[PDB]
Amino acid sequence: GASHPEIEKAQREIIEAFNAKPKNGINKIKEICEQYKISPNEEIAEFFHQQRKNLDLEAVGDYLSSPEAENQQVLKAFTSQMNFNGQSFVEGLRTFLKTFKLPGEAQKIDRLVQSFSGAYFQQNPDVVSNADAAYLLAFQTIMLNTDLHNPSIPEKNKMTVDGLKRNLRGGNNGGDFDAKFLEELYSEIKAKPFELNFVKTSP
């Protein structure tokens, strides 16, 4: 996990530029990558991971959740660089979400979750059948995170493990998810809510 030596040498300029105007900092990375013949997508993704403590996290989240082709490719590279193997599905989703200063936009959050589901699958082809299955599990888990912990909701109205299994029926590429796996998932989210940090009034 390291940036190209030239990016590393120009990090200060890239950081100041990114923080004042994201696209400018990105173009600086792209210009150096062109010069040294390297893939900018992975380079930009690596920079986000490496210089996280120095960047405008809201700007990063916004850039990574954007629909543009370049942005989408950076996100793919960014998420694939994370480790989802040897860490439960719930732990993985928790970590992924905690990485961002989430944008207050459903479409943007959805693109991030989609990126996670894709990466989770590639790293755990034995746990879920495909990306779509991982996405359904993520969606369900997120809905669980909110509903199971809402104080104004009578306990008896909350989804039970039994309910979860019925709701995920045939959601693993036509097949089902192992019952014990779902019981484990339910216990994790129920015992430990997700840590979600969303941006303010203007995302």
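One-based numbering along the sequence shown.
So 106-114 or 86-94, which one's hotter by mean CA B-factor in the entry?
Averaged over C-alpha atoms, the B-factors run higher in 86-94.
Would you tell me which stretch averages the higher CA B-factor in the PDB entry, 145-153 or 164-172?
Higher of the two, by average CA B-factor, is 145-153.
Based on the deposited C-alpha B factors for this chain, I'd like to know if residue 77 is in the lowest, middle or highest third.
Lowest third - that is where residue 77 ends up once the chain's C-alpha B-factors are sorted.
Lowest, middle or highest third - CA B-factor, residue 183:
Middle third of the chain for residue 183's C-alpha B-factor.
Looking at the temperature factor on the CA atom of residue 42, which third of the chain's modelled residues does it land in?
Middle third.
C-alpha B factor of residue 65, ranked within the chain: lowest, middle or highest third?
Within its chain, residue 65 is a lowest-third residue by C-alpha B-factor, going by the deposited values.
Lowest, middle or highest third: which one holds residue 136 when the chain's residues are ordered by CA B-factor from the entry?
Ranked within chain, residue 136 CA B lands in the lowest tercile.
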